[PDB]
Structures are given as structure tokens and as C-alpha cells.
Amino acid sequence: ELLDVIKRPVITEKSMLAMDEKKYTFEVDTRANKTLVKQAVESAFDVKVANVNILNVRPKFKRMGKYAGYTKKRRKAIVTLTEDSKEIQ
Amino acid sequence: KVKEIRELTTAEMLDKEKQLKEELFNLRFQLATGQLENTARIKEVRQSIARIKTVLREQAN
Amino acid sequence: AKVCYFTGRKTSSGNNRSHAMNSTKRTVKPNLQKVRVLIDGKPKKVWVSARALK
Amino acid sequence: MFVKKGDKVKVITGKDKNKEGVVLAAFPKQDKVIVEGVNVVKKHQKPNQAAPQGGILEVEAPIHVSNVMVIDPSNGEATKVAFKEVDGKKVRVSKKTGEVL
RNA sequence: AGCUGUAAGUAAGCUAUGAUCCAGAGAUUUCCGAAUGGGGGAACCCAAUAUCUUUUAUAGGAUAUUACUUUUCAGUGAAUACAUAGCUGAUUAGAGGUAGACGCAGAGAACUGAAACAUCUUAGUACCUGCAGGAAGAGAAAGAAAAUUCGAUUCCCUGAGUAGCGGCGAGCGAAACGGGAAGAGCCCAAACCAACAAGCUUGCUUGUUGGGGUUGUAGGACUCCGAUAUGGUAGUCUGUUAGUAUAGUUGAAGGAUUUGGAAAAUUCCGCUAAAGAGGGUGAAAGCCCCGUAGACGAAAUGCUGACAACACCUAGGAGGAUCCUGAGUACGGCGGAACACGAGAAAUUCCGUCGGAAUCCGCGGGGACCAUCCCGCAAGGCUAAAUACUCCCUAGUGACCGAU
RNA sequence: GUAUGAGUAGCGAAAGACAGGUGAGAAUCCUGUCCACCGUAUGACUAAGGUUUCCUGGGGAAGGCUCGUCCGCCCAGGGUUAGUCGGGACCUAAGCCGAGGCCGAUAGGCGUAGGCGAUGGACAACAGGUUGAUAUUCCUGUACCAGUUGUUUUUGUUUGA
RNA sequence: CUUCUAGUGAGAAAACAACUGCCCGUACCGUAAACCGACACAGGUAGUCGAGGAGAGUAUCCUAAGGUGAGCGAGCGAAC
């Protein structure tokens, strides 16, 4: 299962900035340590070290028809490189 | 379909498994960046991986 | 104590009338005694009633 | 059902007596089937992507199967369709002097 | 022959190489929860040991196992020698839930009635707890009777608001006979007989196996002869068949006219019925649609029969010298409970404490107790049916409700 | 459900004025100027507690004791980065659970060994900058703790290593 | 944490160089319009910092840094 840690990349006004210092942002599935994501990226993209960062998120609400329901959790992943690029987006 | 899976040995089984895995990863990424005209393949790959796995199961006991 | 190891005597309850049958509740415990006795050859300590001591 | 997509049809009831046509779409699961030139309806379409304008359009509306016969084509009339055991399928077989559809 | 739920919409597709859908068998099943490696504020954190992985290595990842108690077995063991606690390892079973129902017990109230209230009733009900089953509890006479007898248990009608009990007050309230539903009877202990082991008293005592035997008309052992048959099942998950439950298939007969937006309405003239029950369609249909009466149908799985095979069980007659026939049991005093029966003249049944029988010329009972008579053999077990309930599924019905 | 009381009582302490914007619409929104109030606090940081109210762009049906272009309201998008900071992979106090165990009609009560338990103990990072929102976390510079590999300096596991 | 021995038990120190460092909290309000009081409520809320002139002083009067002008008004100037 060391390929379904990373889920997809975050594309935001903020994230787009970090693209200008070799810093990328993915959604990592919950229950994954840092080192796991290190391994996953290195083994999926031919890139390197410069320790990752990680987060957590709360849910929110929504009101459609008297229907109050939350949304999923999250876990961002903000990765830093040393020498190579990702011309993948 | 279904029958072509039964022809290949366990090696080719795991091969096609990893290949479908990679394809799923690429479909996932190209979803988030406004692409993928034919999104109805995101079913096919998961279902094919399912079929390969079960057919593998029935052979190994 | 609770029971007898050999037979099955155990505490219970019944009323208590007095010269005008005003009924209340009581306890009747069975006489019991702690004694050291053989079991399988291993001497135990257990409750045995004073009626199975003959 | 006894009615397929492409199958000419006579209409028995409902302001379209004796008028025939070709079944276009088949909705089982609610027993509705739409034909040609039988159920014209005027839609006040609002300006949209399709038809940038807002013309009053004319399309057809569903009819309940209890208003629809089937056709002979061998002859050209209406048959209270029965079923026969022709070779190993069930090809509909007309009543009213033995046709085969 | 269309399809991707509710749910409109757009994009993407699938499908006569038989989709989607229905029915029967399988595969995968994250985390908490008796929760079981340890911890805990449930859906969280942190471990050990072996195997395999990623990187030069450190950290990182996955797999499997590791709770408690008991039942059997080894080893180890030692205050104390011998061995007993104990420890270790392996092995067997438990542990929570409920169908707000039905059952069996342990423990067990008050308001209320008595026009007050103490014995009484409300009531062994409500509530708590333990233990189960598809049913449970009871069941093969120490019985019921009282001439003339009948022969396991349960349930229903009648006996009957009777005989009884009751500050004889308020009230509580049977049982046998008779008529019915369903039927059904078995297995041990002992005395004896053999084999093994021990004390080998080498007296023959102990034990374990296996054999023999199950009763009131007293039976068995024991002796003596016949036969070595003849009848049974409340066992199998063993086959062979038949049926049925879970998807289905087939299934008869109408046109026109007047009102309408629409006919099934109205008026003509026809037809069908082993099918005129019902539901739907632009208003009210025997003949438009789904159906109904009929007739057919299962690759798979389950149940119920039947007969096969296997398992198990069961023999006469005659003798009465000696032996066996359930012990701190029956029963007595004392103190309480259960029987319609509140100690009353109180039999019968239990519980706690103390006292303590006989062995077939014997014992229990027939409502204090004695005598004659009559009926039975306790202190060891098992046992289908007739009865009570309905969370759930299938198909139905109702002088039952119709948004307060 | 709707009346009477009735268009009555109230509108929950504290100072505003003008000019110009904005706009269908302005005392009540924005901007400017002068004025004025608190200042051991009506100022700055934190622990609870709340649980997206934070920021960016739109809206004015309902809430706002009036108004409202405005809002802690409605709609859409987006924000919470740690070897060093607080806690876990450390220790224990009151208290609680308690293998065995000692009692008790059932249920259960109490307790040894062992554990759990911060309000306490013990322990390695500082200054400045950066955004619309985060900063001993991102960035720059200078450090520190404990380990792993590679060439770089002393041998009886006895133990003078 | 510092020591000493019992102790299984090749040859570890230190050069320097280069690397590895897990999970959870981090927005916002926080003497308040975002907490406790049904309310956009004259009440309650533990800790740190808390300036100047006089002044014993965190008292009192005016003020710095800093914040606020409080969610109905315009008139008249009777009784009470």
C-alpha cells in the first residue's frame, strides 16, 4: 500500500507560491507518519530529502434542506526538495 | 473481459496489478488539474484490480 | 459462611411472630465450622456443617 | 410490455384515435412510451445554451400503454398480441388470424 | 432491451459477445465494542518476540503470536527429605447480547378493603438477581379408593361458589368420581461371577475394569433343567428414492353512435367464462393493461417423509436352605414456612437445630391416636404428544382509523 | 386562529458636528477634520470554555429592540507547518482499578503484588524578517541534544582496555 | 543524576566529514456582542505586564503608548 499514501495535490493561491521555492502540497491520507511520505515521494518521483511538513484539518457544515452535515477530514503535505523538479502539473 | 485474466501465471498477475496501480495514480493526479475527458475509466481500473485479486484468491486455496 | 463443602446447607429466611402474630423477617443460618480435612490427600480448610460430622 | 422501441402502433384512446406512428423511446418502470406526432406539447423555453432564443417549442409527451396497440406489419391492423413457442425464442405472435411479428 | 438509487443536470460511458435487474451458492469485510499484549476520557496511544522489507546505517513499514480462569498432561520445583504448595509449557471449555413475550427458582413492599386499625387482605403480585428451552416444569404409584374396584404426567368441561378456612368479620376457596384432547415407557446402586493391581496376613481385604439385575401377585441372587430364539427402537448426521420452501412460464373474448378535453358513461349489435376476486388507464371496463381459474417448471441450497445398511435392547419352566432390595435416611422434640386449612382435635409436604429406627415373622398410608381390614414398597436417575408466547418472514382477512 | 387593552408602555447607563464619497434609496456604511471618554484600565499576553465566529470576494428574504449599501447574518473560495514550545514514547501525591486473596441469599463488598493519576518533579533555540490570514513552526544567521555511517591512533572480558 | 562492587561480557576515545530524528495542540474571542446567566443582558470569570506630573501609594485629578464615541431620534423647556 506504499502507493496510496498520497491522494492528490493542493492547488491554491498559497500553494502556487511555494511552487517557487520547490515546495509542493499534496493531500495525504490520514494515519501516515512523515517518514512514510518521504519514502512514497522518493519512490514515485525520483526526488530527494529536505524534510516534509504535515497538518490536520477540522470539518465544517452545510445547510441544504434542513440537512446539517459535516465534511471529511484532511491532511495536507508540504514537501521540500534539494535538487530536482516536478514538471507534472 | 474476464477470461483473459485466467490465462496468465501468477507473475503476470502481480505485474498487471502494479501496472493498474500506477495508472490509477495518474488518473488521480490528472483529475485534480482539470483534465480527463473520459472519467468513466476510474471505475474500470478498480474493478479490474478486483477481478485480478479474486481470481488470484480462488487459485491459491 | 456461604455453604457446606460436602452437603448443600445455606442461609435462608423466614418470619418471626411474637405473641400477636406481627410478621417480620429473619435469617436462619446453618451451623457451620471451619476444619482442616483431607481432599485428594491435600489437607484443605473448608466449611463443614455440624450434622455431617459423624 | 409487449411494445418495443421500434414498433409501429395504433392509438385507441385519448384525442388521437386511429392515428398511428413509430415508438421513439420506451420507459418501463413507469409504463410510459412516446410516439411521433401524437402528443404535441408547447414548451415555453427560456433563453438557454440550446436555442439561445426562447421559442415556443413542440415535442411529444408520454402515453400510458393502455392506449397503444401493436401492428401486423404483414397485414396492417391491430392484434391483441399473444405468445407462441416458436423455436427457441418467444417471437410475438398475433391474434386475429395468425400472424408472426 | 434498455441502463449508471433516492433526485432535477450536465460530462463521461455500458449493453443482443445478453447490461442493469431477480434467485441460490461463495470471496473481501477498516476502527470501537465481553475486547482478550499493556493503557484508556469508546471509535485513541504505546508495547514484546520471530519472519520479511526501505536506506550505506540509524530511525520507517507489514505479517503472525503474546489476557483471565478450569480440565487434562509433562517439566521444573522446594520453609522440610521424601513430596506438596508455586512456576513454566502444551491442551479443553467459559465469559457478552435479547423478544419490553412465554418458564423454573433465590429474595420480596405500600397506598388500597375491613367505611378507624394491629392477626387478615391488596400478594407471593410489582421490582432486583440467577438458570435455561423452543418450549419449560411434572411423569412411571410407599397413588387414588372403600365394592364391584382403577393402574404414569399434563391440559379442558362439570363437581362449585359446595365441603372447608376466617378479629367465624371484610374476605379467601379446593379435591376425588364422571365426560374429553394426546398417549409410551426405560436405565442404575446392591447382593453374586470372572481379570488386573495393592495390603501380596501367603486370612482373603482393598480397588478398577467387564459380566450379571431392576420388583409388591414380593422380585432377584442361588440350584436344576430347556432355547440360544422371537420381537423392538426415543440412534446414525449413511446411502437410495418422493414431496415441499426459496427465481419463474403459459394463460380466453369488442366494434360503432351521443355528451365531453378525455369514455370504462348512454344507445345499438356481438363474444367469452374451470377465468364476473382485485388493482391501474385522461370519469364508473367480464372482452385495453397487470392479473385471477387452470396447466407447466429448479443448475444450487434447506427441510420433511419412506426403505435400505449400520448401530444398539429384549427369552421360559421348577425349588425355596442362605444371601440382596437406596442411613445420620424415616421419624420425635423445638422454631418457622407449603397445602383452600391463620395450631387448631391437625393428618400430608419442606426448611434450620438437637435426638435417633427395623430388614420381608419387614416397612409406609387410608386427616389427632389405637385395633381388624385394604392399598402400596420411599431415602438413585431419563423420558416425545396433547399446553403458553410472537421481536421476525410469507399469504390473507375486518358491520377496524382515515391526518386534533 | 384571532381580537380588547393600543398605535399605549418600552427601545436595556456614557458627546458628537461638518465636508466629500458610495449608492434606486443615507443621521445610522467609507474617507477627512476638529472635538470628547478610559487609561492598575474600556491597553498587551495567556489558562480554561466556546467550536470556523478568522481572511478574501458577492448579497439584503429572515436575525440587528429603528435605519441599514453594513455585520459575529446568507452565498462562494481559502487559511491552523515544530528534534528544541505544552502533553505522549519519564517519576510520583490525594484518589481509583486491583492477578492471587479474605468476607457475603444472588447481585457483590474490601484488599496484597502491580498499575493508572498534574494542580507537583526532571529535561536540548535565540534575534530579526516575511503574508490576506500561520510563525521559538516558513526564511536568514548563529547554536544546541541523542544517535548512524566513512577515512582519520589500544587487545588474557582476566580485566592493567 | 553521581558513585561501588557482583557482574555477561574482541577494542572503545577522538578526531572531523556527512546524515536520521515519531504522534497530538497551534485560525479567532478570551473583565466579552464569540464564556457562565433563555438576550448583541448595568451581574460572575484563575494568572502575568501595567507609564508621567505632584504624591507614602496600583489612592485621587489630568494625561503617554493604545482604544473607544455604546445600535432609535428631532423638538418644546408644563404638572408630577
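Coordinate-derived values only; no laboratory data. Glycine gets a Cβ as well: all are built from the backbone with ideal geometry, and neighbour counts include every protein chain shown.
Criterion first (closer than 21 Å to A:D4 by Cβ, within 12 Å of chain A (Cβ to nearest Cβ), polar (S, T, N, Q) and surrounded by 10 or more Cβ atoms within 10 Å (Cβ to Cβ)) does B:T39 satisfy it? Explain how you work it out, then say what you get.
Details: closer than 21 Å to A:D4 by Cβ: yes; within 12 Å of chain A (Cβ to nearest Cβ): no; polar (S, T, N, Q): yes; surrounded by 10 or more Cβ atoms within 10 Å (Cβ to Cβ): yes.
Considered against the rule, which asks whether it is closer than 21 Å to A:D4 by Cβ, within 12 Å of chain A (Cβ to nearest Cβ), polar (S, T, N, Q) and surrounded by 10 or more Cβ atoms within 10 Å (Cβ to Cβ), B:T39 comes out as no.
In region A:18-28, which residues are more than 14 Å from every other protein chain (Cβ to nearest Cβ) and surrounded by 11 or more Cβ atoms within 10 Å (Cβ to Cβ)? It would help to see each step written out before you state the result.
Residues of region A:18-28 more than 14 Å from every other protein chain (Cβ to nearest Cβ): A:18, A:20-23.
A:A18, A:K22, A:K23, listed by residue number.
Which condition from (1) surrounded by fewer than 10 Cβ atoms within 10 Å (Cβ to Cβ); (2) among the β-branched types (V, I, T); (3) more than 15 Å from RNA strand E (Cβ to nearest atom) is the one that A:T82 breaks?
(3)
Of all the helices (runs of 4 or more DSSP H) wholly in chain B, which have at least 1 residues that are away from RNA strand E (no atom under 15 Å from the Cβ) and of a type in the set (D, E)? Before you say what the answer is, go through the steps one by one.
Values: elements: B:3-6, B:10-32, B:41-59.
Where helices (runs of 4 or more DSSP H) fall fully within chain B and carry at least 1 residues being away from RNA strand E (no atom under 15 Å from the Cβ) and of a type in the set (D, E), they are B:10-32.
Identify, please: which residue in region C:15-39 is within 9 Å of RNA strand E (Cβ to nearest atom) and within 25 Å of C:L53 (Cβ to Cβ) and is, among those, farthest from the other protein chains (Cβ to nearest Cβ)?
Across region C:15-39, the extreme among qualifying residues is C:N31.
Just checking, does region D:73-85 include any residue being more than 16 Å from RNA strand F (Cβ to nearest atom), more than 14 Å from chain B (Cβ to nearest Cβ), in contact with a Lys or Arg (Cβ under 8 Å, 6 or more places away or on another chain) and aromatic (F, W, Y)? Write out each step before concluding.
Our first condition is that a residue be more than 16 Å from RNA strand F (Cβ to nearest atom); within region D:73-85, this holds for D:73-85.
Remaining after also requiring more than 14 Å from chain B (Cβ to nearest Cβ): D:73-85.
Pick out the ones that are also in contact with a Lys or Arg (Cβ under 8 Å, 6 or more places away or on another chain) and you get D:73, D:77-84.
Checking the rest, the ones that are also aromatic (F, W, Y) come to D:83.
Taking every residue of region D:73-85 in turn, at least one turns out to be more than 16 Å from RNA strand F (Cβ to nearest atom), more than 14 Å from chain B (Cβ to nearest Cβ), in contact with a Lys or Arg (Cβ under 8 Å, 6 or more places away or on another chain) and aromatic (F, W, Y).
To keep it simple, each residue is scored yes or no on (1) within 14 Å of RNA strand E (Cβ to nearest atom); (2) buried (at least 16 other Cβ atoms within 10 Å of the Cβ); (3) within 14 Å of chain B (Cβ to nearest Cβ).
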{"site": "A:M16", "(1), (2), (3)": "no, no, yes"}
{"site": "A:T30", "(1), (2), (3)": "yes, no, no"}
{"site": "A:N33", "(1), (2), (3)": "yes, no, no"}
{"site": "A:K38", "(1), (2), (3)": "yes, yes, no"}
{"site": "A:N53", "(1), (2), (3)": "no, no, no"}
{"site": "A:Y70", "(1), (2), (3)": "yes, no, no"}
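So if I check each of B:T33, B:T10, which one is surrounded by 10 or more Cβ atoms within 10 Å (Cβ to Cβ), over 22 Å from A:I6 (Cβ atoms) and away from RNA strand G (no atom under 16 Å from the Cβ)?
Values: B:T33 fails: over 22 Å from A:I6 (Cβ atoms).
Of the residues listed, the single one that is surrounded by 10 or more Cβ atoms within 10 Å (Cβ to Cβ), over 22 Å from A:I6 (Cβ atoms) and away from RNA strand G (no atom under 16 Å from the Cβ) is B:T10.
Would you pick out the residues in region A:42-89 that are touching a helix residue (DSSP H, G or I) at 6+ places or on another chain (Cβ under 9 Å) and polar (S, T, N, Q)?
A:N51, A:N53, A:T80, A:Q89
It is to be established whether one or more residues within region A:5-12 are over 16 Å from B:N26 (Cα atoms), hydroxyl-bearing (S, T, Y), surrounded by 15 or more Cβ atoms within 10 Å (Cβ to Cβ) and within 12 Å of chain B (Cβ to nearest Cβ).
No, the conditions are met nowhere in region A:5-12.
Please determine, by comparing only the residues of region B:1-36 that are without any contact (Cβ under 8 Å) to a residue 12 or more places away in the chain and of a type in the set (A, V, I, L, M), which one is nearest to the other protein chains (Cβ to nearest Cβ).
Only one residue tops the list, namely B:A32.
Scan D:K15, D:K10, D:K5 and give me the residue that is surrounded by 12 or more Cβ atoms within 10 Å (Cβ to Cβ) and more than 16 Å from RNA strand G (Cβ to nearest atom).
Working: D:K15 fails: surrounded by 12 or more Cβ atoms within 10 Å (Cβ to Cβ); D:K5 fails: surrounded by 12 or more Cβ atoms within 10 Å (Cβ to Cβ).
Matching residue, one of D:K15, D:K10, D:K5: D:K10.
Condition test on B:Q35, is it closer than 19 Å to B:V2 by Cα, more than 16 Å from RNA strand F (Cβ to nearest atom) and of a type outside the set (K, R)? Steps first, answer last, please.
Values: closer than 19 Å to B:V2 by Cα: no; more than 16 Å from RNA strand F (Cβ to nearest atom): yes; of a type outside the set (K, R): yes.
So B:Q35 fails the test.
For C:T24, work out the one condition from (1) away from RNA strand F (no atom under 13 Å from the Cβ); (2) touching a residue at least 12 places away in the same chain (Cβ under 8 Å) it doesn't fulfil.
The one condition C:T24 does not meet is (2).
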